[PDB]
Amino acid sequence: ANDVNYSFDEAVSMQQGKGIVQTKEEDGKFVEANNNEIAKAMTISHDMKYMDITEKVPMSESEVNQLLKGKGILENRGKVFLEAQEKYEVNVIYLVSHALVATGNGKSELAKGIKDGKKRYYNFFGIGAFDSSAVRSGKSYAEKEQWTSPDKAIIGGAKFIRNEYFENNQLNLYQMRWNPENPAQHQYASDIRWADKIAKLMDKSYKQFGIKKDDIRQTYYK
């Protein structure tokens, strides 16, 4: 179980490698992050981003629906978020928080899906290519997996996170974002503050319901 493979400096050089997309929000839009910004963002500073999200939390449907109140297309879908938690062993507070970041609090125009013929495809976790061209050409994960409803996008997103990240030993946000076992490969997002945004919402929800934190991992680099 020895997944500590690289020094921090080695990992930084890899994250700064040729063509690797690393972005930051500036003047209201996303721009490429510079080398210093990338390095700063990946620095370990001790802690929601380091918490194991493969452990479930005791949240009832009513509690999850409280989190989802006023969240657009996600409102009143707490039953299904909990279906996903139990089927796939995925922390439901994490799952909600991720969906809220990825969909603009459930209110973005993209969160309402992409039409293709008689069907509409939904994607609430930023998974794969998700625009009209990718849906038309058929080179969209959401279309491939037939996420033809919001509920199917909630379940399927969870299934994807479990099967592709959690089963790959990327068990916390930091690992999902920066894959320290194999730096610069298989990273969930280009936004250098992706983990911080999800972690902030998670912490608020933990403190709202009095939830206890699961295991926090400290060490990633030689």
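All residue numbers refer to positions in the sequence shown, first residue = 1.
Colleague: Please classify the unmodelled stretch of the deposited sequence between residue 46 and residue 47: none, 1 to 3, 4 to 9, or 10 or more residues.
Modeller: Unresolved stretch here: 1 to 3 residues.
Colleague: Per the record, averaged over C-alpha atoms, which has the higher B-factor: 86-94 or 127-135?
Modeller: Per the PDB record, 127-135.
Colleague: Averaging C-alpha B-factors over each stretch, which comes out higher, 19-27 or 197-205?
Modeller: Mean B over CA atoms: larger for 19-27.
Colleague: Could you say which of 71, 152, 77, 115 has its CA atom at the highest B factor, as listed in the PDB entry?
Modeller: Result of the comparison over 71, 152, 77, 115: 115.
Colleague: Just grab whichever of 186, 40, 159, 56 has the top CA B-factor as deposited.
Modeller: It is 40.
Colleague: Against its chain's modelled residues, does residue 170's Cα B factor rank lowest, middle or highest third?
Modeller: Lowest third, going by the recorded CA B-factors of the chain.
Colleague: Taking the chain's C-alpha temperature factors as the reference, tell me which third residue 181 falls into: lowest, middle or highest.
Modeller: Residue 181: CA B-factor falls in the lowest third of its chain.
Colleague: Lowest, middle or highest third: where is residue 141 by C-alpha B factor in its chain?
Modeller: Its C-alpha B-factor belongs to the highest third of this chain's values.
Colleague: Hey, what third does residue 100 fall into on Cα B-factor, ranked over its chain?
Modeller: It falls in the bottom third of the chain.
Colleague: Quick check for you: using the entry's CA B-factors within this chain, is residue 192 in the lowest, middle or highest third?
Modeller: It falls in the middle third of the chain.
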